[PDB]
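**Q** My structure is in protein-v6.cif, and what it holds is mmCIF, C-alpha atoms:
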data_final
#
loop_
_atom_site.group_PDB
_atom_site.id
_atom_site.type_symbol
_atom_site.label_atom_id
_atom_site.label_comp_id
_atom_site.auth_asym_id
_atom_site.auth_seq_id
_atom_site.Cartn_x
_atom_site.Cartn_y
_atom_site.Cartn_z
ATOM 1 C CA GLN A 1 110.425 95.452 105.515
ATOM 2 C CA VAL A 2 108.060 98.144 104.248
ATOM 3 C CA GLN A 3 104.858 97.879 106.285
ATOM 4 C CA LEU A 4 101.776 100.063 106.745
ATOM 5 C CA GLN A 5 99.541 99.528 109.780
ATOM 6 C CA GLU A 6 96.022 100.846 110.350
ATOM 7 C CA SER A 7 94.572 101.290 113.829
ATOM 8 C CA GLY A 8 91.612 102.757 115.686
ATOM 9 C CA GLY A 9 88.817 100.574 114.332
ATOM 10 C CA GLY A 10 85.909 99.465 116.462
ATOM 11 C CA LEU A 11 82.160 99.621 117.011
ATOM 12 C CA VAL A 12 80.479 103.027 117.307
ATOM 13 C CA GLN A 13 76.985 104.508 117.518
ATOM 14 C CA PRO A 14 75.542 106.337 114.488
ATOM 15 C CA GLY A 15 76.081 110.044 114.971
ATOM 16 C CA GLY A 16 79.191 109.302 117.029
ATOM 17 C CA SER A 17 82.839 109.795 116.161
ATOM 18 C CA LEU A 18 85.924 107.649 115.617
ATOM 19 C CA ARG A 19 89.536 108.244 114.596
ATOM 20 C CA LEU A 20 91.931 106.053 112.619
ATOM 21 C CA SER A 21 95.714 106.192 112.447
ATOM 22 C CA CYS A 22 97.877 104.872 109.604
ATOM 23 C CA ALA A 23 101.500 104.238 110.581
ATOM 24 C CA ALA A 24 104.471 103.135 108.485
ATOM 25 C CA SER A 25 107.586 101.152 109.409
ATOM 26 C CA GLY A 26 110.778 100.484 107.466
ATOM 27 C CA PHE A 27 110.351 103.529 105.196
ATOM 28 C CA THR A 28 109.586 107.241 105.436
ATOM 29 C CA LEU A 29 105.925 108.090 104.800
ATOM 30 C CA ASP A 30 106.346 111.837 104.203
ATOM 31 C CA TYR A 31 107.252 111.531 100.500
ATOM 32 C CA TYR A 32 104.142 109.479 99.661
ATOM 33 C CA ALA A 33 100.552 110.455 99.030
ATOM 34 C CA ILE A 34 98.239 108.548 101.376
ATOM 35 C CA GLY A 35 94.626 107.608 100.715
ATOM 36 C CA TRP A 36 91.950 105.946 102.819
ATOM 37 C CA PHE A 37 89.879 103.263 101.080
ATOM 38 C CA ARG A 38 86.895 101.127 102.058
ATOM 39 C CA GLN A 39 85.117 97.961 100.914
ATOM 40 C CA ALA A 40 81.506 97.788 102.084
ATOM 41 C CA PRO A 41 79.801 94.377 102.373
ATOM 42 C CA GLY A 42 78.782 93.510 98.833
ATOM 43 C CA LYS A 43 80.465 96.617 97.386
ATOM 44 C CA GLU A 44 83.789 97.396 95.732
ATOM 45 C CA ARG A 45 86.698 99.366 97.201
ATOM 46 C CA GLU A 46 86.012 103.108 97.013
ATOM 47 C CA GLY A 47 88.224 106.125 97.620
ATOM 48 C CA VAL A 48 87.049 108.122 100.627
ATOM 49 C CA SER A 49 89.879 110.568 101.315
ATOM 50 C CA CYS A 50 93.444 111.135 100.110
ATOM 51 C CA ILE A 51 96.067 113.688 101.162
ATOM 52 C CA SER A 52 99.233 114.885 99.396
ATOM 53 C CA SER A 53 102.792 114.158 100.496
ATOM 54 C CA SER A 54 103.219 117.628 102.026
ATOM 55 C CA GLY A 55 99.524 117.808 102.927
ATOM 56 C CA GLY A 56 98.809 120.886 100.819
ATOM 57 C CA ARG A 57 96.299 118.959 98.685
ATOM 58 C CA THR A 58 93.350 116.819 99.773
ATOM 59 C CA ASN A 59 90.276 115.203 98.276
ATOM 60 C CA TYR A 60 87.112 113.736 99.779
ATOM 61 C CA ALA A 61 84.368 111.457 98.541
ATOM 62 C CA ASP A 62 81.071 113.320 98.256
ATOM 63 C CA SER A 63 79.463 110.866 100.698
ATOM 64 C CA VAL A 64 81.787 112.010 103.509
ATOM 65 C CA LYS A 65 82.295 115.704 102.694
ATOM 66 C CA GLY A 66 81.726 117.818 105.779
ATOM 67 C CA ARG A 67 82.046 114.672 107.915
ATOM 68 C CA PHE A 68 85.561 113.293 107.431
ATOM 69 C CA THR A 69 88.842 115.118 108.050
ATOM 70 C CA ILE A 70 92.198 113.760 106.877
ATOM 71 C CA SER A 71 95.484 114.977 108.339
ATOM 72 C CA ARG A 72 99.074 113.796 108.569
ATOM 73 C CA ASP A 73 102.262 114.372 110.557
ATOM 74 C CA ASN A 74 105.490 113.967 108.587
ATOM 75 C CA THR A 75 107.542 114.146 111.795
ATOM 76 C CA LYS A 76 105.749 111.186 113.407
ATOM 77 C CA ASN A 77 105.396 109.285 110.095
ATOM 78 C CA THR A 78 101.610 108.965 110.382
ATOM 79 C CA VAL A 79 98.401 109.880 108.570
ATOM 80 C CA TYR A 80 95.139 110.294 110.471
ATOM 81 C CA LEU A 81 91.496 110.283 109.460
ATOM 82 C CA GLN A 82 88.938 111.886 111.775
ATOM 83 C CA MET A 83 85.408 110.453 111.507
ATOM 84 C CA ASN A 84 82.421 112.540 112.622
ATOM 85 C CA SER A 85 78.667 111.988 112.199
ATOM 86 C CA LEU A 86 79.119 108.331 111.275
ATOM 87 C CA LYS A 87 76.256 106.506 109.559
ATOM 88 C CA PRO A 88 75.277 102.858 108.989
ATOM 89 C CA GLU A 89 76.382 103.413 105.381
ATOM 90 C CA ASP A 90 79.881 103.743 106.900
ATOM 91 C CA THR A 91 80.190 100.077 107.951
ATOM 92 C CA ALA A 92 83.120 98.394 106.160
ATOM 93 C CA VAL A 93 86.808 97.523 106.454
ATOM 94 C CA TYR A 94 89.065 100.588 106.387
ATOM 95 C CA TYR A 95 92.253 100.416 104.313
ATOM 96 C CA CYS A 96 95.185 102.854 104.166
ATOM 97 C CA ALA A 97 97.403 103.106 101.077
ATOM 98 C CA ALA A 98 100.525 105.007 100.044
ATOM 99 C CA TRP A 99 101.604 105.821 96.490
ATOM 100 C CA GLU A 100 103.048 108.552 94.270
ATOM 101 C CA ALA A 101 100.968 110.769 91.990
ATOM 102 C CA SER A 102 100.483 109.116 88.597
ATOM 103 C CA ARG A 103 99.535 112.258 86.647
ATOM 104 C CA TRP A 104 100.552 115.844 86.110
ATOM 105 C CA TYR A 105 98.845 118.400 88.424
ATOM 106 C CA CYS A 106 98.999 118.814 92.199
ATOM 107 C CA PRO A 107 95.458 117.530 93.023
ATOM 108 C CA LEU A 108 94.915 113.960 94.219
ATOM 109 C CA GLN A 109 91.347 113.696 92.899
ATOM 110 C CA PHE A 110 92.257 111.072 90.299
ATOM 111 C CA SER A 111 92.911 107.439 91.185
ATOM 112 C CA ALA A 112 95.823 105.222 90.194
ATOM 113 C CA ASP A 113 97.876 102.292 91.393
ATOM 114 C CA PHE A 114 98.721 102.155 95.097
ATOM 115 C CA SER A 115 102.232 100.893 95.793
ATOM 116 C CA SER A 116 101.761 99.827 99.421
ATOM 117 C CA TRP A 117 98.694 98.392 101.149
ATOM 118 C CA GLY A 118 97.960 97.522 104.765
ATOM 119 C CA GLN A 119 95.911 94.766 106.347
ATOM 120 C CA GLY A 120 93.148 97.170 107.364
ATOM 121 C CA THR A 121 90.846 97.831 110.298
ATOM 122 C CA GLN A 122 87.119 97.277 110.761
ATOM 123 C CA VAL A 123 84.760 100.212 111.330
ATOM 124 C CA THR A 124 81.192 99.237 112.248
ATOM 125 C CA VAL A 125 78.410 101.788 112.781
ATOM 126 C CA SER A 126 75.214 100.199 114.093
ATOM 127 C CA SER A 127 72.444 101.258 116.484
ATOM 128 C CA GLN B 1 142.992 105.481 117.563
ATOM 129 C CA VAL B 2 142.309 102.410 115.428
ATOM 130 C CA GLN B 3 138.700 101.339 115.983
ATOM 131 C CA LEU B 4 136.439 98.615 114.607
ATOM 132 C CA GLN B 5 132.717 99.090 115.248
ATOM 133 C CA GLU B 6 129.908 96.618 114.568
ATOM 134 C CA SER B 7 126.312 97.665 113.963
ATOM 135 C CA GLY B 8 122.968 96.249 112.887
ATOM 136 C CA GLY B 9 122.409 93.714 115.659
ATOM 137 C CA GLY B 10 118.971 93.030 117.049
ATOM 138 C CA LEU B 11 116.167 90.512 117.480
ATOM 139 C CA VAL B 12 114.682 88.813 114.411
ATOM 140 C CA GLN B 13 112.230 86.041 113.573
ATOM 141 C CA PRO B 14 113.625 82.719 112.304
ATOM 142 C CA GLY B 15 113.381 82.698 108.533
ATOM 143 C CA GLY B 16 113.776 86.479 108.485
ATOM 144 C CA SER B 17 116.750 88.567 107.435
ATOM 145 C CA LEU B 18 119.218 90.863 109.179
ATOM 146 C CA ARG B 19 122.197 92.897 107.973
ATOM 147 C CA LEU B 20 125.334 93.816 109.921
ATOM 148 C CA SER B 21 127.896 96.560 109.346
ATOM 149 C CA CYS B 22 131.530 96.936 110.380
ATOM 150 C CA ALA B 23 133.069 100.404 110.137
ATOM 151 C CA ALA B 24 136.691 101.407 110.692
ATOM 152 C CA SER B 25 137.978 104.715 112.057
ATOM 153 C CA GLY B 26 141.561 105.908 112.423
ATOM 154 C CA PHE B 27 142.824 103.736 109.550
ATOM 155 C CA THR B 28 141.998 102.626 106.007
ATOM 156 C CA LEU B 29 140.088 99.323 106.036
ATOM 157 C CA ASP B 30 140.644 98.524 102.343
ATOM 158 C CA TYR B 31 144.126 96.983 102.728
ATOM 159 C CA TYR B 32 142.962 94.591 105.477
ATOM 160 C CA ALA B 33 141.139 91.296 105.129
ATOM 161 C CA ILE B 34 137.982 91.198 107.251
ATOM 162 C CA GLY B 35 136.232 88.217 108.803
ATOM 163 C CA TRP B 36 132.972 87.921 110.717
ATOM 164 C CA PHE B 37 133.154 85.781 113.856
ATOM 165 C CA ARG B 38 130.493 84.684 116.335
ATOM 166 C CA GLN B 39 130.377 82.879 119.671
ATOM 167 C CA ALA B 40 127.204 81.039 120.631
ATOM 168 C CA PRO B 41 126.157 80.620 124.284
ATOM 169 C CA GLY B 42 128.395 77.852 125.572
ATOM 170 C CA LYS B 43 130.390 77.607 122.323
ATOM 171 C CA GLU B 44 133.763 78.745 120.981
ATOM 172 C CA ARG B 45 134.286 81.626 118.545
ATOM 173 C CA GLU B 46 133.762 80.209 115.050
ATOM 174 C CA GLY B 47 134.482 81.827 111.701
ATOM 175 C CA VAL B 48 131.295 82.782 109.872
ATOM 176 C CA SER B 49 132.592 84.543 106.760
ATOM 177 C CA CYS B 50 135.712 86.295 105.485
ATOM 178 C CA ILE B 51 136.516 88.570 102.543
ATOM 179 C CA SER B 52 139.817 89.617 100.982
ATOM 180 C CA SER B 53 141.189 93.156 101.039
ATOM 181 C CA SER B 54 140.202 93.719 97.400
ATOM 182 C CA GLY B 55 137.066 91.581 97.773
ATOM 183 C CA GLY B 56 138.098 89.075 95.098
ATOM 184 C CA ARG B 57 138.295 86.150 97.542
ATOM 185 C CA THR B 58 135.714 85.000 100.089
ATOM 186 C CA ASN B 59 135.104 82.087 102.444
ATOM 187 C CA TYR B 60 132.070 81.057 104.512
ATOM 188 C CA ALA B 61 131.403 78.413 107.172
ATOM 189 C CA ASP B 62 129.478 75.374 105.922
ATOM 190 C CA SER B 63 126.613 76.109 108.324
ATOM 191 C CA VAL B 64 125.866 79.343 106.425
ATOM 192 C CA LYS B 65 126.360 78.532 102.714
ATOM 193 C CA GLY B 66 123.466 79.831 100.648
ATOM 194 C CA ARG B 67 122.256 82.012 103.526
ATOM 195 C CA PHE B 68 124.913 84.625 104.341
ATOM 196 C CA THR B 69 126.574 87.014 101.889
ATOM 197 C CA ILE B 70 129.684 89.028 102.768
ATOM 198 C CA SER B 71 130.970 92.078 100.910
ATOM 199 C CA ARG B 72 132.791 95.348 101.464
ATOM 200 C CA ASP B 73 132.910 98.955 100.281
ATOM 201 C CA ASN B 74 136.512 100.155 100.110
ATOM 202 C CA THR B 75 135.416 103.698 99.232
ATOM 203 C CA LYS B 76 133.192 103.919 102.330
ATOM 204 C CA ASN B 77 135.670 101.953 104.506
ATOM 205 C CA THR B 78 133.049 99.372 105.513
ATOM 206 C CA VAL B 79 132.475 95.619 105.308
ATOM 207 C CA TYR B 80 128.941 94.216 105.222
ATOM 208 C CA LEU B 81 127.421 90.857 106.165
ATOM 209 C CA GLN B 82 123.886 90.054 104.994
ATOM 210 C CA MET B 83 122.013 87.263 106.786
ATOM 211 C CA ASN B 84 119.053 85.483 105.172
ATOM 212 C CA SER B 85 116.986 82.462 106.255
ATOM 213 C CA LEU B 86 118.142 83.092 109.798
ATOM 214 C CA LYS B 87 117.923 80.224 112.303
ATOM 215 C CA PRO B 88 117.949 79.823 116.111
ATOM 216 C CA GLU B 89 121.351 78.122 115.765
ATOM 217 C CA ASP B 90 122.800 81.523 114.789
ATOM 218 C CA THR B 91 121.963 83.342 118.046
ATOM 219 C CA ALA B 92 125.369 84.739 119.011
ATOM 220 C CA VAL B 93 127.510 87.840 119.434
ATOM 221 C CA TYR B 94 129.114 88.815 116.121
ATOM 222 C CA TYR B 95 132.584 90.373 115.880
ATOM 223 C CA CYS B 96 134.345 91.787 112.842
ATOM 224 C CA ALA B 97 138.115 91.309 112.794
ATOM 225 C CA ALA B 98 140.700 92.795 110.434
ATOM 226 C CA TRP B 99 144.050 91.148 109.715
ATOM 227 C CA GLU B 100 146.540 90.329 106.970
ATOM 228 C CA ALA B 101 147.265 87.035 105.242
ATOM 229 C CA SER B 102 149.908 85.136 107.216
ATOM 230 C CA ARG B 103 150.222 82.350 104.623
ATOM 231 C CA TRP B 104 150.943 82.082 100.933
ATOM 232 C CA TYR B 105 147.920 81.740 98.572
ATOM 233 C CA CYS B 106 145.087 84.149 97.776
ATOM 234 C CA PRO B 107 142.186 82.313 99.525
ATOM 235 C CA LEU B 108 141.136 83.223 103.064
ATOM 236 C CA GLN B 109 139.902 79.771 104.101
ATOM 237 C CA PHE B 110 142.634 79.315 106.712
ATOM 238 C CA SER B 111 142.550 81.037 110.097
ATOM 239 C CA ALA B 112 145.393 83.069 111.583
ATOM 240 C CA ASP B 113 146.060 86.045 113.831
ATOM 241 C CA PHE B 114 143.457 88.815 113.741
ATOM 242 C CA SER B 115 145.092 92.200 114.217
ATOM 243 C CA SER B 116 142.087 94.331 115.179
ATOM 244 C CA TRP B 117 138.747 93.408 116.726
ATOM 245 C CA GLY B 118 135.464 95.158 117.394
ATOM 246 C CA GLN B 119 133.378 95.079 120.546
ATOM 247 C CA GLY B 120 130.778 92.769 118.990
ATOM 248 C CA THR B 121 127.060 93.044 118.323
ATOM 249 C CA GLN B 122 124.192 90.810 119.432
ATOM 250 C CA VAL B 123 121.826 89.094 116.997
ATOM 251 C CA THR B 124 119.145 86.903 118.584
ATOM 252 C CA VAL B 125 116.932 84.551 116.562
ATOM 253 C CA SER B 126 113.879 83.317 118.458
ATOM 254 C CA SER B 127 110.240 82.573 117.604
ATOM 255 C CA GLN C 409 109.378 91.130 95.526
ATOM 256 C CA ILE C 410 111.712 93.175 93.275
ATOM 257 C CA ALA C 411 114.163 94.550 95.866
ATOM 258 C CA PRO C 412 117.384 93.162 97.398
ATOM 259 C CA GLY C 413 117.255 90.622 100.201
ATOM 260 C CA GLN C 414 113.674 89.490 99.534
ATOM 261 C CA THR C 415 112.055 86.093 99.015
ATOM 262 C CA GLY C 416 109.022 84.781 97.154
ATOM 263 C CA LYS C 417 108.299 82.910 93.961
ATOM 264 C CA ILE C 418 109.658 85.705 91.765
ATOM 265 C CA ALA C 419 112.459 86.686 94.153
ATOM 266 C CA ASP C 420 113.629 83.078 94.658
ATOM 267 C CA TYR C 421 112.826 81.396 91.327
ATOM 268 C CA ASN C 422 112.511 84.031 88.615
ATOM 269 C CA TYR C 423 115.186 86.698 89.140
ATOM 270 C CA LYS C 424 117.312 86.968 92.274
ATOM 271 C CA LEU C 425 118.495 90.391 93.410
ATOM 272 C CA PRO C 426 121.714 90.406 95.464
ATOM 273 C CA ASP C 427 121.834 92.157 98.818
ATOM 274 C CA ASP C 428 124.348 94.718 97.523
ATOM 275 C CA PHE C 429 122.275 96.396 94.827
ATOM 276 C CA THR C 430 123.129 99.770 93.278
ATOM 277 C CA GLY C 431 120.389 101.160 91.054
ATOM 278 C CA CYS C 432 116.638 101.710 90.990
ATOM 279 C CA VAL C 433 113.494 99.567 90.729
ATOM 280 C CA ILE C 434 110.795 101.473 88.889
ATOM 281 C CA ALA C 435 107.313 100.200 88.033
ATOM 282 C CA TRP C 436 103.851 101.294 86.950
ATOM 283 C CA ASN C 437 100.516 99.864 85.800
ATOM 284 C CA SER C 438 99.701 98.517 82.326
ATOM 285 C CA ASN C 439 95.996 97.815 82.827
ATOM 286 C CA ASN C 440 94.946 99.605 79.623
ATOM 287 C CA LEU C 441 97.952 98.388 77.621
ATOM 288 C CA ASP C 442 98.670 94.737 78.460
ATOM 289 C CA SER C 443 95.244 93.378 79.486
ATOM 290 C CA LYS C 444 92.607 92.066 77.085
ATOM 291 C CA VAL C 445 88.930 91.222 77.491
ATOM 292 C CA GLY C 446 89.570 87.517 76.939
ATOM 293 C CA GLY C 447 92.707 87.524 79.079
ATOM 294 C CA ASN C 448 96.322 88.041 77.993
ATOM 295 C CA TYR C 449 98.109 84.723 78.557
ATOM 296 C CA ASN C 450 101.277 85.562 76.597
ATOM 297 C CA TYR C 451 103.224 86.077 79.852
ATOM 298 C CA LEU C 452 104.281 82.758 81.392
ATOM 299 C CA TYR C 453 105.398 82.212 84.989
ATOM 300 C CA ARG C 454 107.336 79.403 86.661
ATOM 301 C CA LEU C 455 106.226 77.961 89.995
ATOM 302 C CA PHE C 456 108.468 74.868 90.288
ATOM 303 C CA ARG C 457 112.251 74.612 90.011
ATOM 304 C CA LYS C 458 114.879 72.211 91.309
#
So, in terms of structure tokens, how does the structure I just supplied come out?

**A**
Amino acid sequence: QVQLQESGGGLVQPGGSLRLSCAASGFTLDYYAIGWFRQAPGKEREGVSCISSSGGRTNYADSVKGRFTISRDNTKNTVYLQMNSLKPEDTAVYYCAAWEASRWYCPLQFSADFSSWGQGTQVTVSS
Amino acid sequence: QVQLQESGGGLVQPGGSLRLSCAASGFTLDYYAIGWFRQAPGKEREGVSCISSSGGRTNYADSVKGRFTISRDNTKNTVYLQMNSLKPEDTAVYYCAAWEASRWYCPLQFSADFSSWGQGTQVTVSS
Amino acid sequence: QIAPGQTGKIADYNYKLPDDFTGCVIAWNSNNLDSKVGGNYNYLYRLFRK
């Protein structure tokens, strides 16, 4: 009954802003590290932003640094991603994942398996 | 102060799964045999599943073989009923009843008096 | 599919887990250990049973 649901996708103007929400049902999301992942048309799935279980550690892809902000609420069992200064390079399907750190060290810079995956939401930036 | 309390009822999709609980307060549930009973809209209260006091003997109604699994925790003073492959024919109010064997023989296939009853819980199967 | 009360090809055909499970299910990736360039076909899976 473990399920992760993304929301907030839509069509926006370049230079505009959008916000996604990643909610979990049937299991508590606070223990897990959550990362936001994207698959551009004709491209592979890349890691854009991840945030620790407690939220004390974050990482961002260099393409979105200074533009994206990830945050989470362990009381409401949700992880958000704030999008600002969106670009046509940011048109793809947005995926949210939850997993546990696969290596020693606090940082979430490294990638690994992702235990749970959602169905994803579409973010389109075009004008 | 003897109480039997059902829990876990709700609304589920056909083919899905649901799990009920029966807890006892004011008395020790381990010495009693427990049976799960349901009444469908317009139907009489039929015996779904029963389990012995020690849990070594069980009985189920032919409509639910291969789909429902009954068990109990005598340390936690609870009896559980797991429902799988749930069908619209199972939409009913489910009671848990505790009683003692009124006949010779270990098996619980026969029906008899039921000393204590809960207030029942509703499970609805519709899609 | 490895958790109690679940269905699927593995959960129904390979190895059934009863509803009343006491223990832990613990798993990780073996991409660099069990995969080969030409494909590792030494693990066989059933899809049909009576």

**Q** Chain A superposed on chain B over all ordered C-alpha pairs, least squares: can you write that as an mmCIF file with C-alpha atoms, keeping the file's coordinate frame?

**A**
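Dumped to result-v2.cif:
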data_model
loop_
_atom_site.group_PDB
_atom_site.id
_atom_site.type_symbol
_atom_site.label_atom_id
_atom_site.label_comp_id
_atom_site.auth_asym_id
_atom_site.auth_seq_id
_atom_site.Cartn_x
_atom_site.Cartn_y
_atom_site.Cartn_z
ATOM 1 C CA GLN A 1 143.049 105.516 117.567
ATOM 2 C CA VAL A 2 142.414 102.429 115.444
ATOM 3 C CA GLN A 3 138.833 101.326 116.102
ATOM 4 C CA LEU A 4 136.432 98.870 114.464
ATOM 5 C CA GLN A 5 132.697 99.175 115.137
ATOM 6 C CA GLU A 6 129.978 96.619 114.417
ATOM 7 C CA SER A 7 126.345 97.613 113.955
ATOM 8 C CA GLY A 8 122.971 96.257 112.886
ATOM 9 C CA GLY A 9 122.372 93.701 115.629
ATOM 10 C CA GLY A 10 118.945 93.038 117.056
ATOM 11 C CA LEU A 11 116.154 90.512 117.518
ATOM 12 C CA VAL A 12 114.702 88.786 114.447
ATOM 13 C CA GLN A 13 112.269 85.994 113.591
ATOM 14 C CA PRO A 14 113.625 82.664 112.295
ATOM 15 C CA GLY A 15 113.408 82.680 108.524
ATOM 16 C CA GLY A 16 113.801 86.462 108.540
ATOM 17 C CA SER A 17 116.744 88.591 107.485
ATOM 18 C CA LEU A 18 119.210 90.990 109.092
ATOM 19 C CA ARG A 19 122.244 92.976 107.956
ATOM 20 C CA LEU A 20 125.391 93.964 109.844
ATOM 21 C CA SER A 21 127.896 96.697 109.057
ATOM 22 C CA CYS A 22 131.527 96.805 110.201
ATOM 23 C CA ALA A 23 133.077 100.279 110.107
ATOM 24 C CA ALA A 24 136.625 101.425 110.836
ATOM 25 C CA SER A 25 137.963 104.734 112.160
ATOM 26 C CA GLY A 26 141.510 106.062 112.411
ATOM 27 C CA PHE A 27 142.855 103.750 109.681
ATOM 28 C CA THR A 28 142.007 102.626 106.155
ATOM 29 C CA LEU A 29 140.158 99.296 106.016
ATOM 30 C CA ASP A 30 140.703 98.540 102.314
ATOM 31 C CA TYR A 31 144.162 96.968 102.754
ATOM 32 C CA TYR A 32 142.958 94.471 105.381
ATOM 33 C CA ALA A 33 141.143 91.174 105.106
ATOM 34 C CA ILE A 34 137.962 91.246 107.194
ATOM 35 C CA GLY A 35 136.249 88.271 108.804
ATOM 36 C CA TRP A 36 133.015 87.870 110.736
ATOM 37 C CA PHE A 37 133.194 85.716 113.872
ATOM 38 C CA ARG A 38 130.663 84.467 116.414
ATOM 39 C CA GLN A 39 130.588 82.997 119.924
ATOM 40 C CA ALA A 40 127.419 81.025 120.635
ATOM 41 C CA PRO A 41 126.289 80.552 124.257
ATOM 42 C CA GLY A 42 128.439 77.729 125.573
ATOM 43 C CA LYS A 43 130.468 77.517 122.345
ATOM 44 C CA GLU A 44 133.803 78.856 121.130
ATOM 45 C CA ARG A 45 134.396 81.610 118.568
ATOM 46 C CA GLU A 46 133.928 80.272 115.032
ATOM 47 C CA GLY A 47 134.700 81.763 111.634
ATOM 48 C CA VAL A 48 131.530 82.380 109.639
ATOM 49 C CA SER A 49 132.655 84.496 106.686
ATOM 50 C CA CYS A 50 135.804 86.337 105.600
ATOM 51 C CA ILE A 51 136.511 88.505 102.550
ATOM 52 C CA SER A 52 139.814 89.575 100.961
ATOM 53 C CA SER A 53 141.233 93.095 100.961
ATOM 54 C CA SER A 54 140.144 93.726 97.358
ATOM 55 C CA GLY A 55 137.113 91.457 97.758
ATOM 56 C CA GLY A 56 138.150 89.021 95.033
ATOM 57 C CA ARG A 57 138.323 86.145 97.537
ATOM 58 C CA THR A 58 135.729 84.992 100.067
ATOM 59 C CA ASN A 59 135.037 82.029 102.314
ATOM 60 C CA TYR A 60 131.953 80.847 104.188
ATOM 61 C CA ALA A 61 131.301 78.420 107.006
ATOM 62 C CA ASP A 62 129.358 75.396 105.781
ATOM 63 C CA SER A 63 126.572 76.163 108.274
ATOM 64 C CA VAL A 64 125.795 79.468 106.517
ATOM 65 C CA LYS A 65 126.567 78.652 102.869
ATOM 66 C CA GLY A 66 123.711 79.755 100.646
ATOM 67 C CA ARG A 67 122.408 81.921 103.504
ATOM 68 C CA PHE A 68 125.061 84.540 104.278
ATOM 69 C CA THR A 69 126.554 87.071 101.861
ATOM 70 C CA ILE A 70 129.640 89.134 102.698
ATOM 71 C CA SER A 71 130.511 92.310 100.809
ATOM 72 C CA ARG A 72 132.647 95.395 101.318
ATOM 73 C CA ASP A 73 133.080 98.945 100.032
ATOM 74 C CA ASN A 74 136.658 100.235 100.021
ATOM 75 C CA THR A 75 135.449 103.762 99.226
ATOM 76 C CA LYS A 76 133.215 103.965 102.316
ATOM 77 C CA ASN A 77 135.657 101.982 104.510
ATOM 78 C CA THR A 78 133.070 99.353 105.466
ATOM 79 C CA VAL A 79 132.415 95.618 105.278
ATOM 80 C CA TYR A 80 128.868 94.258 105.292
ATOM 81 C CA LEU A 81 127.363 90.868 106.025
ATOM 82 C CA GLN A 82 123.880 90.078 104.715
ATOM 83 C CA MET A 83 121.939 87.504 106.763
ATOM 84 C CA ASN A 84 119.094 85.548 105.150
ATOM 85 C CA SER A 85 117.090 82.542 106.386
ATOM 86 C CA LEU A 86 118.270 82.991 109.969
ATOM 87 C CA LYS A 87 117.891 80.091 112.401
ATOM 88 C CA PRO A 88 117.896 79.675 116.198
ATOM 89 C CA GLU A 89 121.364 78.152 115.750
ATOM 90 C CA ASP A 90 122.368 81.691 114.689
ATOM 91 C CA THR A 91 121.926 83.268 118.147
ATOM 92 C CA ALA A 92 125.240 84.683 119.428
ATOM 93 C CA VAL A 93 127.373 87.824 119.610
ATOM 94 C CA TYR A 94 128.694 88.918 116.212
ATOM 95 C CA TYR A 95 132.316 90.069 115.988
ATOM 96 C CA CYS A 96 134.154 91.742 113.092
ATOM 97 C CA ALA A 97 137.934 91.444 112.704
ATOM 98 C CA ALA A 98 140.605 92.807 110.374
ATOM 99 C CA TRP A 99 144.002 91.250 109.672
ATOM 100 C CA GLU A 100 146.500 90.445 106.918
ATOM 101 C CA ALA A 101 146.854 87.028 105.292
ATOM 102 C CA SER A 102 149.263 84.849 107.273
ATOM 103 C CA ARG A 103 150.028 82.323 104.514
ATOM 104 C CA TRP A 104 150.909 82.087 100.860
ATOM 105 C CA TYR A 105 147.915 81.762 98.466
ATOM 106 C CA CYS A 106 145.061 84.162 97.728
ATOM 107 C CA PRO A 107 142.258 82.235 99.544
ATOM 108 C CA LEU A 108 141.163 83.240 103.045
ATOM 109 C CA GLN A 109 139.958 79.760 104.038
ATOM 110 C CA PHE A 110 142.676 79.315 106.662
ATOM 111 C CA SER A 111 142.577 81.044 110.040
ATOM 112 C CA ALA A 112 145.285 83.045 111.783
ATOM 113 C CA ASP A 113 145.787 85.899 114.201
ATOM 114 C CA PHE A 114 143.450 88.881 113.888
ATOM 115 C CA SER A 115 145.179 92.212 114.453
ATOM 116 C CA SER A 116 142.119 94.323 115.289
ATOM 117 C CA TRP A 117 138.920 93.349 117.097
ATOM 118 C CA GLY A 118 135.694 95.217 117.788
ATOM 119 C CA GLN A 119 133.313 95.169 120.724
ATOM 120 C CA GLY A 120 130.669 93.262 118.769
ATOM 121 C CA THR A 121 126.912 93.229 118.289
ATOM 122 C CA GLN A 122 124.237 90.799 119.450
ATOM 123 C CA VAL A 123 122.169 88.818 116.939
ATOM 124 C CA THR A 124 119.261 86.872 118.449
ATOM 125 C CA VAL A 125 116.974 84.620 116.392
ATOM 126 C CA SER A 126 114.025 83.317 118.407
ATOM 127 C CA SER A 127 110.376 82.515 117.662
#

**Q** Give as a PyMOL selection string the residues that the PyMOL selection byres ((chain B and resi 13) around 7) matches when applied to the coordinates above.

**A** chain B and resi 12+14-16+125-127

**Q** Wanna dump the chain C-chain B contacts at 12 Å for me, each residue with its shortest atom pair and the distance in Å to one decimal, counting all atoms listed in the file, ordered by chain and number, as CSV?

**A**
residue,atom,partner,partner_atom,distance
C:412,CA,B:82,CA,10.5
C:413,CA,B:84,CA,7.4
C:414,CA,B:17,CA,8.5
C:415,CA,B:84,CA,9.3
C:420,CA,B:66,CA,12.0
C:426,CA,B:69,CA,8.7
C:427,CA,B:82,CA,6.8
C:428,CA,B:71,CA,7.9
C:429,CA,B:71,CA,11.5

**Q** Report, in Å to a single decimal, how far apart CA of residue 26 (chain B) and CA of residue 9 (chain B) are.

**A**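 So the answer is 22.9 Å.
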
**Q** Name the residues in contact with residue 102 (chain A) at a cut-off of 12 Å, using all atoms listed in the file, excluding same-chain residues fewer than 5 positions from it; report them as a ChimeraX atom specification.

**A** /A:32-33,107-115 /C:435-437

**Q** Would you compute the distance between CA of residue 453 (chain C) and CA of residue 419 (chain C)? Give it in Å to one decimal.

**A**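 Between CA of residue 453 (chain C) and CA of residue 419 (chain C) the gap is 12.4 Å.
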